[PDB]
$ cat coords_39.txt   # compact mmCIF, N, CA and C atoms
# COMPACT_ATOMS: atom_id res chain seq x y z
N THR A 37 67.11 -35.69 -61.48
CA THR A 37 65.74 -36.04 -61.11
C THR A 37 65.65 -36.40 -59.63
N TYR A 38 64.93 -37.47 -59.29
CA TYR A 38 64.65 -37.80 -57.90
C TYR A 38 65.07 -39.23 -57.61
N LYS A 39 64.98 -39.58 -56.33
CA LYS A 39 64.86 -40.94 -55.81
C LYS A 39 64.51 -40.79 -54.34
N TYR A 40 63.53 -41.58 -53.89
CA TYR A 40 63.08 -41.56 -52.51
C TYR A 40 63.55 -42.81 -51.80
N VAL A 41 64.31 -42.64 -50.72
CA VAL A 41 64.76 -43.75 -49.89
C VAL A 41 64.22 -43.54 -48.48
N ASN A 42 63.92 -44.66 -47.81
CA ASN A 42 63.27 -44.70 -46.50
C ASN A 42 61.95 -43.94 -46.49
N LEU A 43 61.20 -44.00 -47.58
CA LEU A 43 59.86 -43.44 -47.65
C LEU A 43 58.94 -44.59 -48.02
N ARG A 44 58.51 -45.33 -46.99
CA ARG A 44 57.61 -46.46 -47.13
C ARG A 44 57.02 -46.78 -45.76
N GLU A 45 55.71 -46.90 -45.72
CA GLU A 45 55.02 -47.29 -44.50
C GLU A 45 55.14 -48.79 -44.30
N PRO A 46 54.94 -49.28 -43.08
CA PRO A 46 54.81 -50.73 -42.90
C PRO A 46 53.51 -51.26 -43.48
N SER A 47 53.42 -52.58 -43.64
CA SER A 47 52.21 -53.18 -44.18
C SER A 47 51.05 -53.07 -43.20
N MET A 48 51.30 -53.41 -41.93
CA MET A 48 50.36 -53.30 -40.80
C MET A 48 49.09 -54.11 -41.06
N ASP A 49 49.28 -55.42 -41.10
CA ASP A 49 48.19 -56.37 -41.21
C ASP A 49 48.40 -57.45 -40.15
N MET A 50 47.71 -58.57 -40.29
CA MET A 50 47.87 -59.66 -39.33
C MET A 50 49.06 -60.55 -39.67
N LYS A 51 49.38 -60.69 -40.96
CA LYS A 51 50.43 -61.62 -41.37
C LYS A 51 51.81 -61.08 -41.06
N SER A 52 52.12 -59.88 -41.54
CA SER A 52 53.50 -59.44 -41.59
C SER A 52 53.98 -58.91 -40.24
N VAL A 53 53.06 -58.74 -39.28
CA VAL A 53 53.49 -58.36 -37.94
C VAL A 53 54.20 -59.51 -37.26
N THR A 54 53.71 -60.74 -37.46
CA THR A 54 54.42 -61.92 -36.97
C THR A 54 55.76 -62.09 -37.66
N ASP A 55 55.87 -61.59 -38.90
CA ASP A 55 57.16 -61.57 -39.56
C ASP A 55 58.11 -60.58 -38.90
N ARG A 56 57.57 -59.50 -38.33
CA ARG A 56 58.41 -58.54 -37.62
C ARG A 56 58.54 -58.89 -36.15
N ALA A 57 57.53 -59.52 -35.56
CA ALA A 57 57.64 -59.91 -34.17
C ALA A 57 58.43 -61.20 -33.99
N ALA A 58 58.76 -61.90 -35.08
CA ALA A 58 59.79 -62.92 -35.00
C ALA A 58 61.18 -62.33 -35.06
N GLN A 59 61.30 -61.09 -35.53
CA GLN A 59 62.60 -60.43 -35.66
C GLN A 59 63.07 -59.90 -34.31
N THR A 60 62.24 -59.09 -33.66
CA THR A 60 62.61 -58.44 -32.41
C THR A 60 62.80 -59.46 -31.29
N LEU A 61 61.98 -60.50 -31.27
CA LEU A 61 61.95 -61.36 -30.10
C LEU A 61 62.89 -62.56 -30.24
N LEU A 62 62.91 -63.22 -31.40
CA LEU A 62 63.73 -64.40 -31.56
C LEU A 62 64.88 -64.23 -32.54
N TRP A 63 65.19 -62.99 -32.94
CA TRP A 63 66.48 -62.64 -33.56
C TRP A 63 66.70 -63.35 -34.89
N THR A 64 65.77 -63.18 -35.84
CA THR A 64 66.02 -63.67 -37.19
C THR A 64 67.00 -62.76 -37.92
N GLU A 65 67.15 -61.53 -37.44
CA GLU A 65 68.25 -60.66 -37.80
C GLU A 65 69.35 -60.93 -36.78
N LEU A 66 70.52 -60.32 -36.98
CA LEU A 66 71.62 -60.18 -36.02
C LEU A 66 72.37 -61.49 -35.81
N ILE A 67 71.90 -62.58 -36.39
CA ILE A 67 72.65 -63.83 -36.46
C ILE A 67 72.77 -64.20 -37.92
N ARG A 68 71.64 -64.19 -38.62
CA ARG A 68 71.67 -64.26 -40.08
C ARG A 68 72.30 -63.00 -40.65
N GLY A 69 72.20 -61.89 -39.94
CA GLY A 69 72.91 -60.69 -40.30
C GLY A 69 74.41 -60.86 -40.15
N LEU A 70 74.92 -60.92 -38.92
CA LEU A 70 76.36 -60.81 -38.71
C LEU A 70 76.97 -61.95 -37.91
N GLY A 71 76.29 -63.08 -37.80
CA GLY A 71 77.01 -64.28 -37.42
C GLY A 71 77.50 -65.07 -38.60
N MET A 72 77.27 -64.57 -39.81
CA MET A 72 77.62 -65.29 -41.03
C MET A 72 78.41 -64.40 -41.96
N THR A 73 78.09 -63.10 -41.96
CA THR A 73 78.78 -62.16 -42.83
C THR A 73 80.21 -61.95 -42.36
N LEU A 74 80.45 -62.17 -41.07
CA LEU A 74 81.79 -61.98 -40.54
C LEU A 74 82.66 -63.20 -40.82
N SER A 75 82.07 -64.39 -40.81
CA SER A 75 82.84 -65.62 -40.86
C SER A 75 82.32 -66.53 -41.97
N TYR A 76 82.86 -66.45 -43.21
CA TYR A 76 83.68 -65.42 -43.90
C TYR A 76 85.03 -64.90 -43.36
N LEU A 77 85.75 -65.71 -42.59
CA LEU A 77 87.17 -65.48 -42.36
C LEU A 77 88.01 -66.34 -43.29
N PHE A 78 87.37 -67.18 -44.08
CA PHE A 78 88.01 -68.27 -44.79
C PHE A 78 88.64 -67.83 -46.10
N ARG A 79 88.83 -66.53 -46.30
CA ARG A 79 89.59 -66.03 -47.42
C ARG A 79 91.07 -66.00 -47.07
N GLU A 80 91.90 -65.89 -48.08
CA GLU A 80 93.33 -65.80 -47.85
C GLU A 80 93.70 -64.37 -47.49
N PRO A 81 94.41 -64.14 -46.39
CA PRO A 81 94.77 -62.77 -46.01
C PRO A 81 95.77 -62.18 -46.97
N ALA A 82 95.69 -60.87 -47.18
CA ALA A 82 96.56 -60.18 -48.12
C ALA A 82 97.52 -59.28 -47.35
N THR A 83 98.64 -59.85 -46.90
CA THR A 83 99.65 -59.09 -46.18
C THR A 83 100.97 -59.15 -46.93
N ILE A 84 101.48 -57.98 -47.30
CA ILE A 84 102.83 -57.85 -47.83
C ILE A 84 103.82 -58.11 -46.70
N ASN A 85 104.68 -59.11 -46.88
CA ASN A 85 105.66 -59.47 -45.87
C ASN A 85 106.88 -58.59 -46.09
N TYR A 86 106.97 -57.50 -45.31
CA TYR A 86 107.66 -56.30 -45.78
C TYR A 86 109.18 -56.39 -45.93
N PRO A 87 109.98 -56.99 -44.99
CA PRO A 87 111.44 -56.96 -45.21
C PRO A 87 111.90 -57.75 -46.42
N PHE A 88 111.06 -58.64 -46.93
CA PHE A 88 111.41 -59.50 -48.05
C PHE A 88 110.54 -59.13 -49.25
N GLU A 89 109.22 -59.23 -49.13
CA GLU A 89 108.32 -58.83 -50.20
C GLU A 89 108.17 -57.32 -50.20
N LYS A 90 108.02 -56.73 -51.38
CA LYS A 90 107.69 -55.31 -51.43
C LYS A 90 106.56 -55.09 -52.41
N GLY A 91 105.94 -53.92 -52.31
CA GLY A 91 104.70 -53.64 -52.99
C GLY A 91 104.91 -53.08 -54.38
N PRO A 92 103.84 -53.01 -55.16
CA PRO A 92 103.95 -52.49 -56.52
C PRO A 92 104.10 -50.98 -56.56
N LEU A 93 104.76 -50.51 -57.62
CA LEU A 93 104.97 -49.09 -57.88
C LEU A 93 104.76 -48.85 -59.37
N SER A 94 105.20 -47.69 -59.85
CA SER A 94 104.94 -47.28 -61.23
C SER A 94 106.12 -46.48 -61.73
N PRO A 95 106.42 -46.53 -63.03
CA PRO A 95 107.65 -45.88 -63.52
C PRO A 95 107.62 -44.37 -63.55
N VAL B 5 37.42 -54.51 -29.08
CA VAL B 5 38.56 -54.80 -28.22
C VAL B 5 39.43 -55.84 -28.92
N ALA B 6 38.87 -56.50 -29.94
CA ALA B 6 39.56 -57.60 -30.60
C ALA B 6 40.71 -57.13 -31.47
N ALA B 7 40.79 -55.83 -31.76
CA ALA B 7 41.95 -55.28 -32.45
C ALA B 7 43.06 -54.91 -31.48
N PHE B 8 42.73 -54.77 -30.19
CA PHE B 8 43.72 -54.33 -29.21
C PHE B 8 44.73 -55.43 -28.93
N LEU B 9 44.34 -56.69 -29.13
CA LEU B 9 45.28 -57.79 -29.00
C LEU B 9 46.05 -58.04 -30.29
N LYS B 10 45.96 -57.13 -31.26
CA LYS B 10 46.72 -57.22 -32.50
C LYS B 10 47.32 -55.89 -32.93
N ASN B 11 46.90 -54.78 -32.34
CA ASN B 11 47.49 -53.49 -32.65
C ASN B 11 48.33 -52.94 -31.50
N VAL B 12 48.62 -53.75 -30.49
CA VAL B 12 49.72 -53.45 -29.58
C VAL B 12 50.83 -54.48 -29.77
N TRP B 13 50.50 -55.61 -30.39
CA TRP B 13 51.48 -56.64 -30.73
C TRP B 13 52.20 -56.31 -32.02
N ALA B 14 51.86 -55.19 -32.65
CA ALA B 14 52.64 -54.57 -33.71
C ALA B 14 53.53 -53.44 -33.20
N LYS B 15 53.39 -53.06 -31.93
CA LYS B 15 54.15 -51.94 -31.37
C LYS B 15 55.13 -52.39 -30.29
N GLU B 16 54.67 -53.14 -29.28
CA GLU B 16 55.55 -53.62 -28.21
C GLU B 16 55.24 -55.08 -27.90
N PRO B 17 55.85 -56.04 -28.61
CA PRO B 17 55.67 -57.46 -28.30
C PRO B 17 56.61 -57.98 -27.22
N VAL B 18 56.80 -57.18 -26.18
CA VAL B 18 57.80 -57.47 -25.16
C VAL B 18 57.08 -57.88 -23.89
N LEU B 19 56.23 -56.99 -23.39
CA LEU B 19 55.42 -57.30 -22.23
C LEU B 19 54.26 -58.22 -22.58
N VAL B 20 53.87 -58.28 -23.86
CA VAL B 20 52.82 -59.20 -24.29
C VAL B 20 53.28 -60.64 -24.12
N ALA B 21 54.57 -60.89 -24.37
CA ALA B 21 55.13 -62.21 -24.13
C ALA B 21 55.24 -62.51 -22.64
N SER B 22 55.29 -61.48 -21.81
CA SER B 22 55.37 -61.70 -20.37
C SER B 22 54.02 -62.12 -19.80
N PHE B 23 52.96 -61.40 -20.18
CA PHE B 23 51.61 -61.74 -19.73
C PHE B 23 51.16 -63.09 -20.26
N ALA B 24 51.65 -63.47 -21.44
CA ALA B 24 51.31 -64.77 -22.01
C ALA B 24 51.95 -65.91 -21.23
N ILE B 25 53.04 -65.62 -20.52
CA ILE B 25 53.66 -66.62 -19.67
C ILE B 25 53.24 -66.42 -18.22
N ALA B 26 52.90 -65.18 -17.84
CA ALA B 26 52.26 -64.93 -16.55
C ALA B 26 50.91 -65.63 -16.47
N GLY B 27 50.06 -65.40 -17.47
CA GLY B 27 48.93 -66.27 -17.70
C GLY B 27 49.38 -67.62 -18.21
N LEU B 28 48.45 -68.59 -18.16
CA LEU B 28 48.65 -70.00 -18.52
C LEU B 28 49.69 -70.63 -17.58
N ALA B 29 49.86 -70.04 -16.40
CA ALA B 29 50.73 -70.58 -15.36
C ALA B 29 49.96 -70.75 -14.06
N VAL B 30 49.13 -69.76 -13.74
CA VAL B 30 48.24 -69.88 -12.58
C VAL B 30 47.08 -70.81 -12.91
N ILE B 31 46.76 -70.93 -14.20
CA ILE B 31 45.54 -71.60 -14.63
C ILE B 31 45.70 -73.11 -14.55
N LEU B 32 46.83 -73.62 -15.04
CA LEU B 32 47.01 -75.06 -15.21
C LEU B 32 47.02 -75.95 -13.96
N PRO B 33 47.45 -75.51 -12.72
CA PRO B 33 47.34 -76.45 -11.58
C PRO B 33 45.92 -76.78 -11.17
N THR B 34 44.95 -75.99 -11.60
CA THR B 34 43.55 -76.34 -11.42
C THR B 34 43.03 -77.26 -12.52
N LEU B 35 43.89 -77.74 -13.42
CA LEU B 35 43.41 -78.44 -14.61
C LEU B 35 43.84 -79.90 -14.65
N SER B 36 45.13 -80.19 -14.62
CA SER B 36 45.58 -81.54 -14.96
C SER B 36 45.60 -82.42 -13.72
N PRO B 37 45.22 -83.70 -13.84
CA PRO B 37 45.31 -84.60 -12.68
C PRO B 37 46.72 -85.09 -12.38
N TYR B 38 47.74 -84.55 -13.04
CA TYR B 38 49.11 -84.81 -12.63
C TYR B 38 49.41 -84.19 -11.28
N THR B 39 48.80 -83.05 -10.97
CA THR B 39 48.90 -82.54 -9.61
C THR B 39 48.04 -83.39 -8.69
N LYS B 40 48.36 -83.30 -7.39
CA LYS B 40 47.93 -84.11 -6.24
C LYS B 40 48.60 -85.49 -6.28
N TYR B 41 49.23 -85.84 -7.40
CA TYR B 41 50.27 -86.86 -7.38
C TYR B 41 51.58 -86.23 -6.95
N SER B 42 51.74 -84.94 -7.26
CA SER B 42 52.87 -84.16 -6.77
C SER B 42 52.84 -84.02 -5.26
N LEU B 43 51.67 -84.14 -4.64
CA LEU B 43 51.60 -84.21 -3.19
C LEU B 43 51.59 -85.66 -2.71
N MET B 44 51.25 -86.60 -3.59
CA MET B 44 51.20 -88.00 -3.19
C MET B 44 52.59 -88.63 -3.19
N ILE B 45 53.41 -88.28 -4.18
CA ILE B 45 54.83 -88.65 -4.17
C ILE B 45 55.52 -88.06 -2.95
N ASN B 46 55.26 -86.78 -2.69
CA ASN B 46 55.95 -86.00 -1.68
C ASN B 46 55.54 -86.37 -0.26
N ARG B 47 54.54 -87.24 -0.09
CA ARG B 47 54.11 -87.61 1.26
C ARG B 47 54.79 -88.88 1.75
N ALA B 48 55.07 -89.83 0.86
CA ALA B 48 55.62 -91.12 1.25
C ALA B 48 57.12 -91.23 1.04
N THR B 49 57.86 -90.12 1.15
CA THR B 49 59.32 -90.19 1.15
C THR B 49 59.78 -90.14 2.60
N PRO B 50 60.24 -91.25 3.18
CA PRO B 50 60.54 -91.24 4.62
C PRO B 50 61.86 -90.54 4.92
N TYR B 51 61.78 -89.47 5.70
CA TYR B 51 62.96 -88.85 6.29
C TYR B 51 63.33 -89.51 7.60
N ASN B 52 62.41 -89.51 8.56
CA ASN B 52 62.70 -89.92 9.92
C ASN B 52 62.60 -91.43 10.04
N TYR B 53 62.63 -91.94 11.27
CA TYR B 53 62.57 -93.36 11.48
C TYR B 53 61.16 -93.78 11.89
N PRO B 54 60.66 -94.89 11.36
CA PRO B 54 59.35 -95.38 11.80
C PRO B 54 59.45 -96.09 13.14
N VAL B 55 58.99 -95.42 14.18
CA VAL B 55 58.85 -96.01 15.51
C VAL B 55 57.71 -97.03 15.43
N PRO B 56 57.78 -98.15 16.16
CA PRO B 56 56.65 -99.08 16.17
C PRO B 56 55.57 -98.73 17.18
N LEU B 57 54.51 -99.53 17.23
CA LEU B 57 53.44 -99.38 18.22
C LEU B 57 53.38 -100.65 19.07
N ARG B 58 52.36 -100.72 19.91
CA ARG B 58 52.17 -101.82 20.85
C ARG B 58 50.80 -102.46 20.64
N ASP B 59 50.72 -103.78 20.84
CA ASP B 59 49.45 -104.50 20.85
C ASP B 59 48.77 -104.31 22.21
N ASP B 60 47.50 -103.90 22.17
CA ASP B 60 46.70 -103.74 23.37
C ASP B 60 45.23 -103.83 22.98
N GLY B 61 44.63 -105.00 23.18
CA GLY B 61 43.33 -105.24 22.57
C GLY B 61 43.54 -105.36 21.07
N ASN B 62 43.15 -104.31 20.35
CA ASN B 62 43.64 -104.14 18.99
C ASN B 62 45.16 -103.99 19.02
N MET B 63 45.90 -104.69 18.13
CA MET B 63 45.59 -105.49 16.91
C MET B 63 44.57 -104.93 15.85
N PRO B 64 44.84 -103.76 15.25
CA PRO B 64 44.03 -103.40 14.07
C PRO B 64 44.46 -104.13 12.81
N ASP B 65 45.76 -104.20 12.56
CA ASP B 65 46.41 -104.63 11.32
C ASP B 65 47.88 -104.83 11.64
N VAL B 66 48.69 -104.96 10.59
CA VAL B 66 50.15 -104.82 10.49
C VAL B 66 50.93 -105.50 11.62
N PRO B 67 51.10 -106.82 11.54
CA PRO B 67 51.86 -107.54 12.58
C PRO B 67 53.36 -107.30 12.49
N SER B 68 54.12 -108.06 13.29
CA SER B 68 55.55 -107.84 13.46
C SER B 68 56.36 -108.03 12.18
N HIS B 69 55.84 -108.79 11.22
CA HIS B 69 56.57 -109.02 9.99
C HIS B 69 56.21 -107.95 8.97
N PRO B 70 57.18 -107.20 8.44
CA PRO B 70 56.83 -106.11 7.53
C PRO B 70 56.47 -106.57 6.13
N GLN B 71 57.08 -107.66 5.65
CA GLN B 71 56.84 -108.10 4.28
C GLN B 71 55.54 -108.87 4.11
N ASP B 72 54.76 -109.03 5.18
CA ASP B 72 53.41 -109.52 5.06
C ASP B 72 52.54 -108.48 4.34
N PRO B 73 51.41 -108.90 3.73
CA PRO B 73 50.48 -107.91 3.17
C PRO B 73 49.76 -107.14 4.27
N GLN B 74 50.43 -106.11 4.79
CA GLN B 74 50.03 -105.44 6.01
C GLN B 74 49.74 -103.96 5.81
N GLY B 75 50.60 -103.25 5.09
CA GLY B 75 50.53 -101.81 5.04
C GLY B 75 49.82 -101.26 3.82
N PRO B 76 49.79 -99.93 3.70
CA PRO B 76 49.02 -99.30 2.61
C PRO B 76 49.70 -99.36 1.26
N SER B 77 49.07 -98.72 0.27
CA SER B 77 49.45 -98.84 -1.13
C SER B 77 50.39 -97.70 -1.50
N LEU B 78 51.69 -97.92 -1.32
CA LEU B 78 52.72 -97.04 -1.84
C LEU B 78 53.61 -97.75 -2.85
N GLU B 79 53.21 -98.93 -3.30
CA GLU B 79 53.98 -99.77 -4.20
C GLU B 79 53.56 -99.60 -5.65
N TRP B 80 52.75 -98.59 -5.94
CA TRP B 80 52.41 -98.22 -7.31
C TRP B 80 53.50 -97.40 -7.98
N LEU B 81 54.53 -96.99 -7.24
CA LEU B 81 55.61 -96.21 -7.83
C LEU B 81 56.60 -97.10 -8.55
N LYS B 82 56.84 -98.30 -8.02
CA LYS B 82 57.74 -99.24 -8.69
C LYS B 82 57.14 -99.72 -10.01
N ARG B 83 55.82 -99.85 -10.07
CA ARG B 83 55.15 -100.10 -11.34
C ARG B 83 55.09 -98.86 -12.22
N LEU B 84 55.27 -97.68 -11.65
CA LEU B 84 55.30 -96.44 -12.42
C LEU B 84 56.67 -96.22 -13.04

$ encode --input "coords_39.txt" --output "structure tokens"
Amino acid sequence: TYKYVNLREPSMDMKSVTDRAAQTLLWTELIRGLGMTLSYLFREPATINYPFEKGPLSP
Amino acid sequence: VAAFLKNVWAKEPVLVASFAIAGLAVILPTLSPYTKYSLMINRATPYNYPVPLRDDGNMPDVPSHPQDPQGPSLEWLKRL
């Protein structure tokens, strides 16, 4: 069948333009976007310590 | 024309923010009475040395003692 992606017009009224003009000018994206998704460094790293530890295999 | 200030602010809100700060900057020095105090503070800051004058007939004011009630009103800044 179908699915349409990126087929939508903007709202283009008085309210939601300030919602978009807060984005371009004062960066409500790009900090909430990727100043938080990256850090998120607080997970445990997964490194096989190779001369001693070795990885899984199969028979 | 009342849509033009809302249908270009949906397209380029970049220079609109510039004119909004370009305006409301020339306008305000004609408005608040805080200005001309900006020239009043700036007039009574002594750089050079006050040379004295001589008595000859007049004697208008301001005798040899400075701490007498002799000179003008620049002492409103200490109360400020």

$ residues_around --input "coords_39.txt" --residues "segment 39-52 of chain A" --least-positions-apart "2" --cutoff "9 Å" --atoms "only C-alpha atoms" --output "JSON, numbers by chain"
{"A": [37, 54, 55, 56, 57], "B": [10, 11, 14]}

$ atom_distance --input "coords_39.txt" --atom1 "atom CA of residue 80 of chain B" --atom2 "atom CA of residue 64 of chain B"
23.5 Å

$ atom_distance --input "coords_39.txt" --atom1 "atom CA of residue 63 of chain A" --atom2 "atom CA of residue 16 of chain B"
15.1 Å

$ atom_distance --input "coords_39.txt" --atom1 "atom N of residue 69 of chain B" --atom2 "atom CA of residue 52 of chain B"
20.1 Å

$ select_by_dssp --input "coords_39.txt" --residues "chain A" --states "alpha helix (DSSP H)" --output "PyMOL selection string"
chain A and resi 51-62

$ closest_atom_pairs --input "coords_39.txt" --of "chain B" --to "chain A" --cutoff "12 Å" --atoms "only C-alpha atoms" --output "JSON lines"
{"residue": "B:7", "atom": "CA", "partner": "A:50", "partner_atom": "CA", "distance": 10.1}
{"residue": "B:9", "atom": "CA", "partner": "A:50", "partner_atom": "CA", "distance": 10.8}
{"residue": "B:10", "atom": "CA", "partner": "A:50", "partner_atom": "CA", "distance": 7.3}
{"residue": "B:11", "atom": "CA", "partner": "A:48", "partner_atom": "CA", "distance": 8.6}
{"residue": "B:12", "atom": "CA", "partner": "A:53", "partner_atom": "CA", "distance": 10.4}
{"residue": "B:13", "atom": "CA", "partner": "A:53", "partner_atom": "CA", "distance": 7.7}
{"residue": "B:14", "atom": "CA", "partner": "A:53", "partner_atom": "CA", "distance": 5.7}
{"residue": "B:15", "atom": "CA", "partner": "A:57", "partner_atom": "CA", "distance": 9.1}
{"residue": "B:16", "atom": "CA", "partner": "A:57", "partner_atom": "CA", "distance": 8.9}
{"residue": "B:17", "atom": "CA", "partner": "A:57", "partner_atom": "CA", "distance": 6.7}
{"residue": "B:18", "atom": "CA", "partner": "A:61", "partner_atom": "CA", "distance": 7.5}
{"residue": "B:19", "atom": "CA", "partner": "A:61", "partner_atom": "CA", "distance": 11.0}
{"residue": "B:20", "atom": "CA", "partner": "A:57", "partner_atom": "CA", "distance": 11.0}
{"residue": "B:21", "atom": "CA", "partner": "A:61", "partner_atom": "CA", "distance": 9.1}
{"residue": "B:22", "atom": "CA", "partner": "A:61", "partner_atom": "CA", "distance": 11.8}

$ axis_aligned_box --input "coords_39.txt" --around "segment 20-32 of chain B" --padding-each-side "3 Å" --output "lines of an AutoDock Vina configuration file"
center_x = 50.5
center_y = -67.1
center_z = -18.5
size_x = 15.8
size_y = 23.7
size_z = 17.8
